[PDB]
Structure formats: C-alpha cells, structure tokens
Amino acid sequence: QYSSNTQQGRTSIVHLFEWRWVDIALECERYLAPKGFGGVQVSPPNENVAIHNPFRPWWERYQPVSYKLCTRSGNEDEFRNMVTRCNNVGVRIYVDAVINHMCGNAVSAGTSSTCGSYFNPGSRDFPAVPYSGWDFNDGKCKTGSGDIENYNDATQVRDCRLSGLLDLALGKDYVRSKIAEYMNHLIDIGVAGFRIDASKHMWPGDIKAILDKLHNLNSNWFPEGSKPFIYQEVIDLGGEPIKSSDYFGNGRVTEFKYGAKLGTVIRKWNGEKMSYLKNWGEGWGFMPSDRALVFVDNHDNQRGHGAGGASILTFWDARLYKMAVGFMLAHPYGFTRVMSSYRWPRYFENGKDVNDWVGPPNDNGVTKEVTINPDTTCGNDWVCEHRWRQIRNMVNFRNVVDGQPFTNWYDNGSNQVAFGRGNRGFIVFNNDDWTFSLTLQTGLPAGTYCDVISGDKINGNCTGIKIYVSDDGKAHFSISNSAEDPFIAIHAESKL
C-alpha cells in the first residue's frame, strides 16, 4: 500500500479539487499525461447531502448519504469514462474515501441528496446503503454530547462524532463490508488507490480490517497482485496520544508538519530561515520519508482550517507559494502532492474569512466547466496552479532527479540557499533582502541549461534565462531579491 502505482518517471499527484469527471478526463489527455503528472486525487465520488444553507458548500462532500457515484462532479458513466481515459494515457486516479462517517446528525431527513436518495439522520436511516441505528457508534461513545470533546482521549477521538457527523461502527464486519463493497467497485473501475479521510478518527485496526477485504488492482492496467496505494489523513503536529506512526501498517500518512514548517520558514516567522532547511525532513521531527505524503497546502488548510493555521502558503500568496512548492518538488523527502484550487470571494469579517465555506465556481449549484485561456491558464475561477509554468516545470524537475542524493548544499547563513540532486539537477533560492550573486559548484556536466523557472526548453533554445555550466561544473547565479520568481532551477533535460 506504500507504492503510488504511478508510471516509472512520474513522481507527483495533483489534487483537482471539486473538478468534474469530464474535465479531469480531458485534463489527463491534454495536459497531465504529456506534462509528466503521475496521478490525480479526486473529490469524494459518492453521493452526499445537498446543503442549501449556506449554499452548496465544499464541505457538503464530506457528508455521505450513500455509495452511489452521483455528485456535482458527475455520474457513474462519467466517472468510469474518466478513470479509463486517464489510465489509458498513464495518469492514475486516487479517490478521496469518506468512510469514518455519514452526514451531520442534525441534518434534516428527506431526499436533499445529490442523487435523490432518502436518508434520515434522526433515525440513523440510510436505506440506500443500507445502514440503520445498529451501524453507528452512538452507544460506544461516552461523551455527554456524543461528540468529540477532548483530544487527550484516544477513545472519544475515534468513537464519538467529529463535529456531529454520524460515526460509523467500523468495529462491525457488516459496516466494514459495505465500505469494502464500495471501495472494490472503485478498484475494479481502475482506481489506483485511496486517500482515507479522517483516519485520525478511526482505529488503525478497523482500517486494517477494511483493507483486508479489497481486491488487487485492475489487471488491465496493473500487473497481477498490485495493491492499492493508501494514504491516510492524520493531522499530527505532535503532543497527542494519537500518532501518525500508529497508521504505518496501513500505508502512507499525510505529513502536516511539512507545510506548517515550510510556511513558517518562507514567511520568515519565529526567526526561521532557509539555511535551517539543510536538515529538512526527519531532521525536523517528521515521519520516515518512506511513509510520508507531503504537500504545501490542502483543501482544508488553504482556508486556515486543517493544521498550520496562519502559516500555510497558498495561491493567494503566489510568489512565496511558487518558492515553497519549488523547494518541495526539488527535495528528496516524501511523496509529493500538488494542489489545484478554485478562487472564492475571500472576505474577512475581522479575523475570519466568512466565505471559507463557498463551493466551486457554479451557476445555481451546477459546477462550472474548466475553460482554458490562450496562455494555458484556466478561466471560470479555476486557479489551476498545476498549470503555472513554475510549478509544472518543477513537477518535471522531480521526475528527472528522482532517486538522486541531496548534494552540493550551500547557504549564506540566512535565506540564500542552493542544492543539487546528484548530477541531474540544481536549484538556487534567494529569500533574503539583497541580491544573490555567487559562482557555485553544481555537480552538473558542462553546457547551456535553460532555467525552467523563468522559461521553457523548446527544442534547441530557451525562452527564459540560460545558465552556463563550465566543464569544472561551476556556474554563476545572480538573483535579485526583487525578481518575480527569486529562484532558478536547471536539470539534465533542460540542457541544450
């Protein structure tokens, strides 16, 4: 469950947050495949509650109603079409599996679901599964509210309701079975793995019992006996009874400490500096690299939710964001996930963004299609960070240097750092308040290399900066602290 199942030479997955199945299919063929992306993390494909107040929030997708593949992203036919098309071009699909719970216990009974399924939270009635009151942890929880009240108690964290969401009795084989049913349907369609939502709220043992029941990957695209890639969402910033290491037997685990710290360093908070990154990874208290799923931001925390609070870098902080993503893609630690967002009318009613609930770009609830601009960016309020030249090019940088050691580290003891990846890549950063101008030892063979930050390599020439590496492998770098993109990156495949 630790291997991504991506093609050889494709080292990252992109989260296409709330995208429609039809758009993802197109994206796989017109961009992801040819630009070297390894896979896509999709939003929950199962039927959820349609919340009308506030109006169709993004988080309604984390409140399941059934396991029918019918959401704002599309129906089963479209989902199947998407997986097939992406797989045919070597781009994998990873499903966001919401299995800890069903909907809010105070939601109202009826058919206000994305597929019209009837459900009654008050009675714990989910006929479309089906689930009854005998399938929820109500009796198992021991809190006065039946909700999670204290994170120092491992048992309530897992047996009580997360903010009122009906907590499934994962201890029962029936429930584990229904879930496996759902997950197997997806595997047979062609999904390469899963993001297990709210793993912190489940017992490692229950998760295990579910994985036990899963099929191997679809033998049309995956060699016989392949296991689904598993990455568990466990928010662990330390000092809690529940530890991310508790989940290592099930697969990888989200390393939230990564983005929190990268965010603090780049924002130069708490007297942190880039030169401190010289021992980035385990050296900073992180989980083993072979179990980490890393990212700068996610859907929760780009909204000041998740974990990291105010330090998290996002598309809103574009210049610094590109730097952080760049550093992540160049550094050997973990399996990387790139975020792809949508713009929302962020509005601070002093302190808090009161619109952090707003769902994807829509017309009366119907998700808007992803349009492409002439400059290869996206319209209809889709941010498409994965299409930003600097990010897209760093995804390819990672592919090219995969497996190379961390070498030729340099720092000015402040915020000017550089490092190479064997003899296949070199990156330079200037996050100080003055120009960086120094001749560095790169570890790269002589020649003219296109900087992939300021431009591209287009057969025979560079459209941005050119770096000349001398036969002694030295190159001169000059980066103004005022540059749009205060970093340079060259690699074996950007060489003329």
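Residues carry their position along the shown sequence, with the first being 1.
- Higher average CA B factor: 371 to 379, of the stretches 371 to 379 and 184 to 192.
- Here 330 to 338 and 414 to 422 are compared by their mean Cα B-factor, and 414 to 422 comes out higher.
- Of the candidates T84, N218, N393, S108, it is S108 whose Cα B-factor is highest according to the PDB record.
- Of the candidates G443, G464, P57, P64, the one whose C-alpha carries the top B factor in the deposited record is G443.
- Looking at the C-alpha B-factors along this chain, the one for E255 belongs to the lowest third.
- Per-chain ranking of the deposited C-alpha B factor places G460 in the highest third.
- For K273, the recorded CA temperature factor ranks within the highest third of the chain's modelled residues.
- The entry lists a Cα temperature factor for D236 that places it in the highest third of the chain's modelled residues.
- Ranked within its chain, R80 lands in the lowest third, by CA B factor from the PDB record.
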